[PDB]
Every structure is written in C-alpha cells, then in structure tokens.
Ligand SMILES: CC[C@H](CO)Nc1nc(NCc2ccccc2)c2[nH]nc(C(C)C)c2n1
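In PDB author numbering, the protein residues as written are 0 to 36, 40 to 154, 163 to 298.
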C-alpha cells in the first residue's frame, strides 16, 4: 500500500499529521503524502467526510488525489506545490510582494472560498502556511474541510473574534476574517494581529478595530467568553493600519474585518468589489 510511495523528503508538520514529499513508484508522479495522526481505527465519520472532500475539486483548492484507509491507518495523497505563502512573504520582505500579485492571490483565494462556501464547507484555519503557490502564478488553499473531518504552538493570528469569544458554531465568515488578516499582512509586510494567547489575540484586535459593543455587534455581550470587564479601546483609522493600501483595498478590507460575522462580506460579493477592477495574473519570482 504505502510500498507504492518513496519518501523524498519531509515537507513539514501539518495540523493533522506529518507531510512528506514523495514519489509514486507506479506512475512516477510526485505528491505530498500526509499521515493522519487515540489509535483504535479511523472513525466512520472521518472516512465519510474525507471521501466527501475528494469530490470538492477546484483550481484554487489543492487536489486530494487519493484517500488511503489501510491497516487501520489513514494516509492522504495530495497534489504537490513547491512553496507556501509564508515562506514567500518572508522571502519578499525587503521589497514586498508587488500589488498586482497581492491582488491576484487575494482574487484567486476568494474564488476558492466562494466555491467551498457554496458547498457549505469551511476551512476554519486559514493561514499563510497552508496557502500554496506554483511558478505559473496560481495560489491554492490546503487543508480545506479537514477540521470538520477530524476535530483536532498553534498560531492564533488569523482567528476570527467570534471564535475567540467562544462561539460554538463557525460560519463561512471565519474564513473571510482570516483572509482579510492575510491580505493586510501581504500589503504591510507585518502580521495584522500577532497574538500569543487567546486574550492577547482578542485584545490586539480590540485595540485596532475598537472594543466591540452591541451597536457594532449585536449579541456580542452575551457570548460565552465575553466579559463586561474587557477594557474599552477606541477604533483606529485604516489609513494608519494598512499603508500603502489604496482606498479600494481599505474599503474591501474593512468589509472583511467587520466584527459581526453576519455583516462580514461574503467571498462571492468580495469578488465584485471595485478593488478587483484591474485584476491580472502576474508570475511570482520563485527560485527553488
Ligand atoms: C505541512 C502542511 C503545509 C500545508 O499543508 N505544507 C504543505 N506544503 C507544501 N509544499 C510546500 C513545500 C515544498 C517543499 C518543502 C517544504 C514545503 C504542500 N504541497 N502539497 C501539500 C498538501 C499536503 C496540502 C502541501 N502542504
């Protein structure tokens, strides 16, 4: 079974298991092989969910090539891409990723999200580390719909405030928040909200966007982890938060970072925003 694959090198530690670059001995294709990590035997719902995921195919979603439920273990075989967006951002720190490339990437991810969301599938843990790029200018979402299949230092920087405040049931809005954080980060070359605990993450959000109340976010004061005793921070103008993001970009971003999940712009509506009026598909500068 696994004898069909030859390890080439360790790619990294995923959320649900280790990932290796590998070669299929029969077909010669190079792939990304993931071993899913209480060992009793793969749960039936994990198997049905992942099998659902195999059929959710899109150019901006990393292809799930094979689900290998063998010997009471679970291996996932994925399409391989040569680099992730975190590494590419770090690589691009001195000059920044050119705006046209930022716009193209945001546009493509919004397409991927719109597609997943239209199928009622959430990502839940969007972050630069699981965004993957190739030499032809494509960007792809990895680990989509995995959270649902399996219910799990982890980064908090991209986590929506409703999650932080204890909301039990995520909506598609949590992915829009995350992507918004990543958008700002590509533009400014600085993480928007680099929290190192849940309360630090929350307080960093509060300090920038203002401490949320019933006016901006109805029902907020009733959430499991909301405290009347939260400090009261005033909101700051975005011109100060994300230069040199232009007026169209700042307008779109504001809509992606709305506190109330129900007011937060959808992936499909975001695609129609004037920010994408001049969108094009440039090629990244990659040296591997
Ligand atoms: C470890 C999980 C994350 C996202 O799944 N990484 C990560 N990185 C990649 N390539 C970037 C890379 C290439 C060579 C060396 C190091 C990194 C990937 N290609 N295909 C996959 C699937 C498992 C989603 C993948 N995952």
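Where is the CB? At the ideal position from N, CA and C, for every residue including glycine.
Closest residue to residue i among the options (Cα-Cα distance)
| i | options | result |
| --- | --- | --- |
| residue 208 | 294, 235 and 154 | 235 |
| residue 23 | 31, 164 and 9 | 31 |
| residue 133 | 83, 244, 171 and 222 | 83 |
| residue 150 | 54, 99 and 41 | 54 |
| residue 141 | 163, 189, 106 and 223 | 106 |
| residue 35 | 26, 48 and 254 | 48 |
| residue 191 | 210, 167 and 211 | 167 |
| residue 12 | 145, 211 and 227 | 145 |
| residue 211 | 223, 164 and 226 | 164 |
| residue 79 | 298, 217, 21 and 222 | 21 |
| residue 287 | 259, 265 and 91 | 259 |
| residue 52 | 170, 152 and 222 | 152 |
Beta-carbon gap between residue i and residue j smaller than 8 Å
| i | j | result |
| --- | --- | --- |
| residue 59 | residue 113 | no |
| residue 88 | residue 130 | yes |
| residue 98 | residue 199 | yes |
| residue 243 | residue 220 | yes |
| residue 296 | residue 110 | no |
| residue 81 | residue 65 | yes |
| residue 179 | residue 126 | no |
| residue 19 | residue 148 | no |
| residue 128 | residue 67 | no |
| residue 193 | residue 108 | yes |
Residues near residue i in its chain [Cβ-Cβ closer than 6 Å; skip 5 each side]
| i | result |
| --- | --- |
| residue 172 | 271 |
| residue 154 | none |
| residue 17 | 34 |
8 Å contact criterion, which residue i and residue j should meet: CB distance rounded
| i | j | result |
| --- | --- | --- |
| residue 103 | residue 294 | 6 Å |
| residue 161 | residue 251 | Any structural detail on residue 161 is unavailable, because the chain resumes at 163 straight after 154. |
| residue 263 | residue 248 | 7 Å |
| residue 116 | residue 278 | 5 Å |
| residue 218 | residue 224 | Wrong, their Cβ atoms sit about 20 Å apart, outside the cutoff. |
Cβ neighbours of residue i in the same chain (closer than 7 Å, five flanking residues each side left out)
| i | result |
| --- | --- |
| residue 40 | none |
| residue 275 | 186, 265 and 266 |
Item to check | Segment contact flag, the stretch 71–81 with the stretch 0–7, C-beta cutoff 8 Å, min 3 pairs | outcome: A contact is defined here as three or more CB-CB pairs under 8 Å, and the stretch 71–81 meets this definition with respect to the stretch 0–7.
Next on the checklist: Whether or not the stretch 172–181 and the stretch 199–213 are in contact is what I'm after, with contact meaning three or more pairs of Cβ atoms, one per stretch, closer than 8 Å; do they touch?
Outcome noted: Yes: at least three Cβ pairs fall under 8 Å.
Item to check | Segment contact flag, the stretch 183–192 with the stretch 255–272, C-beta cutoff 8 Å, min 3 pairs | outcome: Here the stretch 183–192 lies against the stretch 255–272, with 3 or more beta-carbon pairs under 8 Å apart.
Item to check | Sufficient close CB pairs (3 or more, under 8 Å) joining the stretch 137–144 to the stretch 236–243 | outcome: In short, these stretches do not touch, since the Cβ pair count stays below three.
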